[PDB]
Amino acid sequence: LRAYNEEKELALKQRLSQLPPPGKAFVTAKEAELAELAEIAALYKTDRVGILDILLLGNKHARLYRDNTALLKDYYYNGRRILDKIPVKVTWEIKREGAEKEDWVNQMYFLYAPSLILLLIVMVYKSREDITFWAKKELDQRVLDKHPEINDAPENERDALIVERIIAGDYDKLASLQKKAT
Amino acid sequence: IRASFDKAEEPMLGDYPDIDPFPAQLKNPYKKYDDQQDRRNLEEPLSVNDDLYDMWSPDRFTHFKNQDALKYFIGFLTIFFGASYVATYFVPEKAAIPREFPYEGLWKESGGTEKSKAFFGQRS
Amino acid sequence: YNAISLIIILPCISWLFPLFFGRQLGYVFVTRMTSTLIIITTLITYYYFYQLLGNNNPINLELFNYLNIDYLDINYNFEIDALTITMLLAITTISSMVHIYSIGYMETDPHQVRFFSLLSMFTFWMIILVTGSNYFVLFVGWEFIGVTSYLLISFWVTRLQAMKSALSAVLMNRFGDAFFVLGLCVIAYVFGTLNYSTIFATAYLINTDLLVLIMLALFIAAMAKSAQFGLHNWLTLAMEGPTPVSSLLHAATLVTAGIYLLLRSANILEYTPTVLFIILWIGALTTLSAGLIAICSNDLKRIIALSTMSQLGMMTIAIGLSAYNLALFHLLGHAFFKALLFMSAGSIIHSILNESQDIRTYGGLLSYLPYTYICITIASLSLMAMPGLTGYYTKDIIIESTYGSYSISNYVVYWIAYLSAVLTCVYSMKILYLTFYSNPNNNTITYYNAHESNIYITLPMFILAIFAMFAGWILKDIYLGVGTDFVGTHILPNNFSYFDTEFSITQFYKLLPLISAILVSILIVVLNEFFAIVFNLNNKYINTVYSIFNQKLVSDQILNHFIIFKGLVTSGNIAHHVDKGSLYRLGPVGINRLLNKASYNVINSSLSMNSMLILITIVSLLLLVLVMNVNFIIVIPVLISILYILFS
Amino acid sequence: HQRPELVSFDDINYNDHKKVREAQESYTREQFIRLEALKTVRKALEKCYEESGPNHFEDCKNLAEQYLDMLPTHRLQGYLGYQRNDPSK
Amino acid sequence: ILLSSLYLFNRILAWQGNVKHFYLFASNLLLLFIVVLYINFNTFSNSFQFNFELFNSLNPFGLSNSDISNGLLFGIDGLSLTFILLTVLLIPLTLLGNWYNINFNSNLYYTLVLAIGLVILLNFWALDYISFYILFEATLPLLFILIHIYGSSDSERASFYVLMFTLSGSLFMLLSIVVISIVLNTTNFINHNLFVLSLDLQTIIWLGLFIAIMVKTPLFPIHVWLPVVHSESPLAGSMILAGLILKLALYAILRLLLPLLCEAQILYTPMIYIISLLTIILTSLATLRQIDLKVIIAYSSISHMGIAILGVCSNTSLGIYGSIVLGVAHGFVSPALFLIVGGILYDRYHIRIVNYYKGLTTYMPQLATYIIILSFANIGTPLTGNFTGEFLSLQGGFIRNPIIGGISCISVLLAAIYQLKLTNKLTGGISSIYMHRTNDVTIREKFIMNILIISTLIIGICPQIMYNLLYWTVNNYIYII
Amino acid sequence: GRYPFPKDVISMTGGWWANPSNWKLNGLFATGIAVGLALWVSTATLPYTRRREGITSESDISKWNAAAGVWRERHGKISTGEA
Amino acid sequence: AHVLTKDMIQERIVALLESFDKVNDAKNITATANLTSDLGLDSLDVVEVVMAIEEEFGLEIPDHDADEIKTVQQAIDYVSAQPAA
Ligand SMILES: CCCCCCCCCCCCCCCCCC(=O)OC[C@H](COP(=O)(O)OCCN)OC(=O)CCCCCCCCCCCCCCCCC
Ligand SMILES: CCCCCCCCCCCC(=O)OC[C@H](COP(=O)(O)OCC[N+](C)(C)C)OC(=O)CCCCCCCCCCC
């Protein structure tokens, strides 16, 4: 994507020069000058350069474009605030229902929200390798290891048998780890 | 000015108006006010302890004095409790002996054990 | 089709869908839809109750785990048993009726979507409260009903008194909740779990001091919830909310959460007789005080609420006797006719152009409002336990269990509760007479325009009337049966006395409450209609005692001045004198002053002076070291003094 | 399913960190197994109680007493107490 | 990469002129990177996993694989991972909450904010006392500058408080760290429970460490700087300070104090309980008589930290888990309340006095709903993480000392009092005469508040979802023979 | 009766006397979502439902109590109040 | 619901004064009549009248305003100025 054109900025600059400052540019509230303010402010949302030129070109074009965009920003938002009118469509219409995108929404909505969704998913699924499940499996395996005949019993009788054996005996190894105690 | 806690603050003000605080709830509600709900007019001076005297402050009641209301509260409680306690003495005795249960009071069925039948076990 | 699932989830839908979509649906559909969902829930609950009476094998619903740390294993577990199904009967019946009633009562108001959503929310969270299988889910419901109570009592947000009442209610119930949290901590420590099954399995073996601690904490919570005399002031402030809210709160659910908490804890309660004693006597005190205030109050809703308080204390007594079935049955029976009282009161208020609630300004409306009169009359007669009515089979037998109690001391409680009953007949008759039987007191235009309410208001009163006449008789066997095993609470055989209270009772004690009730009713009516002077005297002393009784027994004064206001004053003392006083002294401000002075002193003839300085340093050092050689302890004060000279 | 080999603090030289970590982890895992035993006891007690109802006392006395017994001993206690102290001396 | 990325940064700056889009993008990438790390994190092991070393003599500018380790150590276990995830969640919201209200030197402001966030995130990675202390102090210059330049009217005094109080505590922390360094000649966190100092020396070191903890948490009676620094901080400073920098204290207890000074901690625990009960009761009461919105919200945090401390020194697994969960829930909720009071109301009306505000429901119903939800969350409604934290912390505290914990159960009531007293006045009544109607909460503000609300609700309904990272930690620090 | 109210105030509850002109069609959508959610959850939670008694056998109960006695005898365990 | 009209207020007030006994005459009661002068009401009798008026229309008159109304026109306009009447 390359869209810069130095011919257009060197023209846009004096097209701006004719206009009063954006602070005082609408304080009248004739319609002709307000119309030109409408089109020039509309230029703000008409994106005019992509990535291939910001990477490649020199900084004089940079400063000029930066000043141009600053003044376009001011005209657009000052009109939009002191007129209750959008600078699109080109003379100042009221059609505020939709066609409004703030700059933060793309980054946040398309990166941050997916990231939190991913975090929730990862936590839910990392919750499965919990020590409680590991210890239930280990206790079951210890019972089966010491006492493999309940491996012959049918499925529904098994679990009751393991529970019986767990209740009766201390299948843990903790005291075995505490050798200096005795 | 009136209350002890407002009086306590008098050395701690320097060049601030020593206002006499009046409960805003007791300001009669038919005068007109800039904010009718708070019964305050604009730029009215505020007492240092204002937050205890505005409309949002805990309600105050005018009927009885606080000390008098305390007397009544404690009096009701004392007379009720004392009358009940003294009434416990002038009590009729029952007519049927309390009920009993088989197996030494079912001390087996409420858990229990042979070595401890006093902890668990009925009148038998 | 799963009864328990639909029971928990339809009210949840009726709550959330209005909140999600109210702007898209509008209050017409929102009202109709929430009402319909609650009706379906109620029908499902009835069917479940029918089957449970057929087969007492409760359904359990066990869902994902809340907590699995160390020994504590908490799960979202729900069950519906005899106790729970009784509570759910009360809750769903009255919620459905109130939802229907609010269509008519609230037809004018701008904000109906929010109102109906809140009613449904409160129903849902109460169902969660009574259905959960461990104390944690109980607590979740316990606090969310408090949140909804805050949101309902302050429904008319622009009214200052409304929000102050909402704050009062939420804060007092948060007191109850602080004690409940203390209880939860001790339960978890002592038993290692919160589940009902384990606690009830191993309760009888536990040390009694620990049980008393647990049960005192939980009873303080229920005391706050059930507006016993310790924590009751919010109960009468709550009628700041709309009348349907008061109908739901004071009959079926919000005030019955405490009684349910005690009833669920019954198995624990048995092994802790001390708290049972305390519960019994607090209940007696509450019923007496509520009746006394009820006589001398002049607001319709306040009267009905104080009646609620008295009945709550009476079931508290029933708990104190270990007659748990007795108190449960009264709770269920009381819910119905209490809701009917409140609804009829709402109709009476709505009939007046002024919409006044004062009883001294209603005059005679018996000709104008016969249907409301008959509904309120049925409700009152059920409440006075007139023979052959639902309130009879609850109230009379609770009164008699006190005399039948094995403990000798409970005979005083008999006379206290008896006084409370005739006390109750007094204010019921006062309201009835002053609303329908007295000469008109309101201006002429109101009596011209006085008319009945719409169908949405009338039908639920009709249904609650048939309930408040027939339910007690049709259900007396289930809860008060000679050998009934429906409610499975394990009563200590020593404590059980329900046979003794029936066989030992004499004709005098078994007839005296009924005869006194009928006489005192007639006496009050005839005295009002024929000798008004005896009521409308002018004695100074009697006016004083009446004033005491009228202001909630001057308790509200005591609280607001001696607890709340003194605490605000003490908070001011802390925040100023400690925090912005002493702590800043030993902080930025004191240090700033100290450094200012010390720095000024150390800065406070460019040559001669400096030469004098160097001599003084040399000689001072020599003498100081001489002293140090002598004894080092002696030089410390000298150094302190030198620094005092230089810096101060 | 992993079954790491058990190590004890008493045998090891505390200067090999791998062994010390293994001892700490082994002690923790044994505590967790003991917890599982306690929970199994408690679940059996719950089933016993729910099915025995009125005679749960006689039916479940053994389970209730055993659960109450294992409660103070089968919780977590952490390894610092035992690695930092040698009980012999 | 770094060279190329620097080029990208420079070009974006030259063309766009405001760095803030680049910083938002960067922070989102950092969040994604930490999530990737969580994916690859082994939870069946109590060992630090993503280790690396900096400023080692053999490679001062790179990572060290040498057999002698004289640089600074970094690495994570589950306990560090939890707080790191919290941090990377909070940073982009901190950038976003000031997206429009900073119109001057904005690039510097966003740079300071992102730098503070990165410093805290790195601080959680530190694995030895010296690097922990370095990154623990590195924020103070940034906070000082930020508060002084972009703060409200009383910001100069605020900046001086935030620097001086924290330095005051940190230097006693430095005494303790120096004593440990010269006594052990080691500083790491990996094996510092293996060294058993004499009881007297433990008792002495514990004093410096706990003085630092008193100033930073804060605890009574040295909490008076926090309400100021909060009230005059800009929104990003307040959100960061409430949501991360306070949790640095709790992490400091768990990481620096408990594994090394176990016996001295056992000796000193009742003193800790005295101080925590003091902070809870007294600050909760003092909150009743405040007249500034941000000051009241600031006072709430101190009480919740008091409950956190009571949990973390309870010598029980439940107490520690409750302290961690309460820290996380507080990091979700308190930034939201600060967002309300200091970014919505303050940016619309530029005042914080409570008397001006009343009846906001009529014009701004959505803001009123948000206030109600956040306040019931702050006072500990169940199905919110705050309730789980307070409940578990109180369980641990009651077990450790039944009387003190039982009395501490009054915090539920006290919190309800101050918070609901505030929200009662704010939401209801007739719309204030002093202020005029303004817009309701916007899409950005609603987005931030929704993030925080859903986070606290998620961990409030199923607090177990954190256990996979913390089940080692709940045993790593309790001292039972 | 009624009074004027600001139309710009947007509340998810709808505000003042909210009664949208397409309320019947939105109502059809709402009731469809309602039946869908209620039925889905009623079916989904069906497997987690069970009765209280009759789940385990007397065999399991008695053998578990016997095992508990065995455990209490391996250790030295007297009963409550047995002293 | 119910809404009153100025003429309804005036009619109710006229009937009220008609039934009062201490009045001089019934026919002489005019819309602009002065109770003090035309109807010859006492200091306290007009007080009784204002109490009757508030009891009839269901309102509450402050002390400063009750004494201000001297003519029946003043009373009718005052009662019409209050929304809840
Ligand atoms: C001014 C305050 C005082 C300053 C003192 C310290 C300043 C440090 C400057 C920041 C530099 C640290 C961040 C980069 C170091 C990590 C680079 C790395 O490669 O990670 C090493 C680790 C192991 O990698 P390896 O062994 O090579 O195996 C790779 C297998 N494929 O691989 C991993 O496991 C990944 C490790 C991820 C680390 C996350 C770090 C969080 C924040 C990153 C940027 C922070 C910049 C801070 C700026 C403010 C200053 C504090
Ligand atoms: C609107 C209320 C509906 C509730 C019931 C309807 C659900 C239908 C399925 C029933 C099973 C169930 O509810 O659990 C849902 C799942 C499945 O858990 P399970 O193993 O099957 O349950 C165990 C049953 N045992 C004990 C028989 C084995 O648990 C979980 O992922 C836990 C994570 C919590 C949710 C993540 C937070 C996101 C919420 C966002 C907050 C705003």
# chains A, B, ... in the order shown; residues from 1 in each chain; ligands from 1
call {"tool": "interface_residues", "arguments": {"of": "chain G", "to": "chain C", "cutoff": "9 Å", "atoms": "only C-alpha atoms", "output": "ChimeraX atom specification"}}
result
/G:1-2,55-58,84-85
call {"tool": "residues_near_ligand", "arguments": {"ligand": "ligand 1", "cutoff": "9 Å", "atoms": "only C-alpha atoms and all ligand atoms", "output": "ChimeraX atom specification"}}
result
/E:30,33-34,37,49-55,62-65,72,74-76,84,114-125,131,134-139
call {"tool": "write_last_selection", "arguments": {"atoms": "N, CA, C and O atoms", "output": "compact mmCIF listing (two decimals), in the first residue's frame"}}
result
# COMPACT_ATOMS: atom_id res chain seq x y z
N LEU E 30 2.36 -7.49 24.20
CA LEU E 30 2.91 -8.03 25.45
C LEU E 30 1.90 -8.95 26.12
O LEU E 30 2.27 -10.01 26.64
N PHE E 33 1.87 -12.19 24.30
CA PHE E 33 3.09 -12.92 24.58
C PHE E 33 3.02 -13.62 25.93
O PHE E 33 3.42 -14.79 26.07
N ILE E 34 2.51 -12.93 26.95
CA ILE E 34 2.39 -13.55 28.26
C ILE E 34 1.40 -14.70 28.21
O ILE E 34 1.58 -15.72 28.88
N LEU E 37 3.14 -17.59 26.91
CA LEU E 37 3.97 -18.15 27.97
C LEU E 37 3.14 -19.02 28.91
O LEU E 37 3.58 -20.10 29.31
N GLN E 49 10.70 -21.34 35.82
CA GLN E 49 10.72 -21.99 34.52
C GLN E 49 11.35 -21.17 33.41
O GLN E 49 12.22 -21.68 32.69
N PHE E 50 10.93 -19.93 33.22
CA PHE E 50 11.48 -19.12 32.14
C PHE E 50 12.60 -18.24 32.66
O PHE E 50 12.50 -17.01 32.73
N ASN E 51 13.70 -18.90 33.04
CA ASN E 51 14.81 -18.22 33.68
C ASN E 51 15.71 -17.55 32.65
O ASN E 51 15.86 -18.03 31.52
N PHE E 52 16.30 -16.43 33.06
CA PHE E 52 17.33 -15.76 32.29
C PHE E 52 18.07 -14.84 33.25
O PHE E 52 17.57 -14.51 34.33
N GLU E 53 19.28 -14.45 32.86
CA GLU E 53 20.14 -13.62 33.70
C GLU E 53 20.69 -12.46 32.90
O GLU E 53 21.03 -12.61 31.73
N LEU E 54 20.77 -11.29 33.54
CA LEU E 54 21.22 -10.08 32.88
C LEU E 54 22.45 -9.52 33.58
O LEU E 54 22.64 -9.71 34.78
N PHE E 55 23.26 -8.81 32.80
CA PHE E 55 24.40 -8.07 33.33
C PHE E 55 25.39 -8.99 34.02
O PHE E 55 26.07 -8.61 34.97
N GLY E 62 23.96 -9.26 27.24
CA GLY E 62 23.14 -10.35 26.77
C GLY E 62 22.76 -11.29 27.90
O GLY E 62 22.86 -10.93 29.07
N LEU E 63 22.32 -12.49 27.55
CA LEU E 63 21.99 -13.50 28.53
C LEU E 63 23.22 -14.34 28.84
O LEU E 63 24.10 -14.52 27.99
N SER E 64 23.27 -14.86 30.05
CA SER E 64 24.44 -15.56 30.55
C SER E 64 24.18 -17.06 30.60
O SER E 64 23.15 -17.51 31.11
N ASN E 65 25.14 -17.83 30.08
CA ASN E 65 25.18 -19.27 30.24
C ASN E 65 26.41 -19.70 31.03
O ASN E 65 26.81 -20.87 30.96
N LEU E 72 21.85 -10.27 37.49
CA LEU E 72 20.52 -10.21 38.07
C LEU E 72 19.67 -11.33 37.50
O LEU E 72 19.71 -11.60 36.30
N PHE E 74 16.11 -13.53 36.75
CA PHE E 74 14.69 -13.38 36.45
C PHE E 74 14.10 -14.73 36.08
O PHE E 74 14.77 -15.59 35.51
N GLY E 75 12.83 -14.90 36.43
CA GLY E 75 12.13 -16.15 36.22
C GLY E 75 10.81 -16.10 36.95
O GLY E 75 10.57 -15.23 37.79
N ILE E 76 9.95 -17.06 36.62
CA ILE E 76 8.58 -17.04 37.12
C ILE E 76 8.18 -18.42 37.62
O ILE E 76 8.60 -19.45 37.09
N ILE E 84 1.55 -11.34 37.01
CA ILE E 84 1.98 -10.87 35.70
C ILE E 84 0.79 -10.80 34.75
O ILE E 84 0.64 -9.83 33.99
N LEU E 114 3.45 3.89 30.29
CA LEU E 114 3.88 2.59 29.81
C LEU E 114 5.15 2.14 30.51
O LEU E 114 5.33 0.95 30.80
N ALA E 115 6.06 3.08 30.80
CA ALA E 115 7.28 2.73 31.50
C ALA E 115 6.99 2.20 32.89
O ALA E 115 7.58 1.20 33.32
N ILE E 116 6.07 2.84 33.62
CA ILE E 116 5.72 2.36 34.96
C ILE E 116 5.13 0.96 34.88
O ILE E 116 5.46 0.08 35.68
N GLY E 117 4.24 0.74 33.91
CA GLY E 117 3.66 -0.58 33.75
C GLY E 117 4.72 -1.64 33.49
O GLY E 117 4.71 -2.71 34.10
N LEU E 118 5.66 -1.34 32.59
CA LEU E 118 6.71 -2.30 32.28
C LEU E 118 7.60 -2.55 33.48
O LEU E 118 8.05 -3.68 33.70
N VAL E 119 7.90 -1.50 34.25
CA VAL E 119 8.72 -1.67 35.44
C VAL E 119 8.06 -2.63 36.42
O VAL E 119 8.72 -3.52 36.96
N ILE E 120 6.76 -2.46 36.66
CA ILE E 120 6.09 -3.38 37.58
C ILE E 120 6.08 -4.80 37.03
O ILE E 120 6.34 -5.77 37.75
N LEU E 121 5.78 -4.94 35.74
CA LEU E 121 5.76 -6.27 35.14
C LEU E 121 7.11 -6.95 35.29
O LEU E 121 7.18 -8.13 35.66
N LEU E 122 8.19 -6.23 35.03
CA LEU E 122 9.52 -6.79 35.22
C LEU E 122 9.80 -7.10 36.68
O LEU E 122 10.45 -8.10 36.99
N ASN E 123 9.34 -6.24 37.58
CA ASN E 123 9.52 -6.46 39.01
C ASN E 123 8.96 -7.82 39.41
O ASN E 123 9.55 -8.51 40.25
N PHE E 124 7.84 -8.21 38.83
CA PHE E 124 7.29 -9.51 39.18
C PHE E 124 8.17 -10.66 38.71
O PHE E 124 8.09 -11.76 39.27
N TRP E 125 9.03 -10.44 37.72
CA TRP E 125 9.93 -11.48 37.24
C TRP E 125 11.18 -11.64 38.09
O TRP E 125 11.89 -12.64 37.93
N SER E 131 17.68 -7.32 42.55
CA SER E 131 16.89 -6.91 41.38
C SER E 131 15.47 -6.56 41.78
O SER E 131 14.87 -5.62 41.24
N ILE E 134 15.68 -3.12 43.10
CA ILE E 134 15.96 -2.16 42.04
C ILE E 134 14.67 -1.79 41.32
O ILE E 134 14.32 -0.61 41.19
N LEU E 135 13.92 -2.80 40.89
CA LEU E 135 12.71 -2.51 40.13
C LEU E 135 11.60 -2.04 41.05
O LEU E 135 10.62 -1.43 40.59
N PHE E 136 11.74 -2.29 42.35
CA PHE E 136 10.77 -1.84 43.33
C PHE E 136 10.88 -0.33 43.55
O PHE E 136 9.88 0.35 43.79
N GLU E 137 12.10 0.20 43.48
CA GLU E 137 12.27 1.65 43.59
C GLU E 137 12.18 2.36 42.25
O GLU E 137 11.91 3.57 42.23
N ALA E 138 12.42 1.67 41.14
CA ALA E 138 12.51 2.37 39.86
C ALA E 138 11.24 3.14 39.51
O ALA E 138 11.31 4.07 38.70
N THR E 139 10.09 2.78 40.09
CA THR E 139 8.86 3.49 39.75
C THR E 139 8.81 4.89 40.35
O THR E 139 8.21 5.79 39.75
call {"tool": "interface_residues", "arguments": {"of": "chain D", "to": "chain F", "cutoff": "8 Å", "atoms": "only C-alpha atoms", "output": "ChimeraX atom specification"}}
result
/D:44,47-48,50-51,59-63,65-66
call {"tool": "select_by_dssp", "arguments": {"residues": "chain B", "states": "alpha helix (DSSP H)", "output": "ChimeraX atom specification"}}
result
/B:4-8,66-89,102-106
call {"tool": "atom_distance", "arguments": {"atom1": "CA of residue 625 (chain C)", "atom2": "CA of residue 609 (chain C)"}}
result
24.2 Å
call {"tool": "closest_atom_pairs", "arguments": {"of": "chain E", "to": "chain A", "cutoff": "7 Å", "atoms": "only C-alpha atoms", "output": "JSON lines"}}
result
{"residue": "E:11", "atom": "CA", "partner": "A:54", "partner_atom": "CA", "distance": 6.5}
{"residue": "E:14", "atom": "CA", "partner": "A:62", "partner_atom": "CA", "distance": 6.2}
{"residue": "E:15", "atom": "CA", "partner": "A:62", "partner_atom": "CA", "distance": 5.2}
{"residue": "E:16", "atom": "CA", "partner": "A:66", "partner_atom": "CA", "distance": 6.4}
{"residue": "E:17", "atom": "CA", "partner": "A:66", "partner_atom": "CA", "distance": 6.9}
{"residue": "E:25", "atom": "CA", "partner": "A:107", "partner_atom": "CA", "distance": 6.7}
{"residue": "E:28", "atom": "CA", "partner": "A:112", "partner_atom": "CA", "distance": 6.0}
{"residue": "E:32", "atom": "CA", "partner": "A:115", "partner_atom": "CA", "distance": 6.0}
{"residue": "E:35", "atom": "CA", "partner": "A:119", "partner_atom": "CA", "distance": 6.2}
{"residue": "E:39", "atom": "CA", "partner": "A:122", "partner_atom": "CA", "distance": 6.7}
{"residue": "E:465", "atom": "CA", "partner": "A:127", "partner_atom": "CA", "distance": 6.0}
{"residue": "E:468", "atom": "CA", "partner": "A:127", "partner_atom": "CA", "distance": 5.3}
call {"tool": "closest_residue", "arguments": {"among": "F:31, F:42, F:13, F:19", "to": "ligand 2", "atoms": "only C-alpha atoms and all ligand atoms"}}
result
F:42
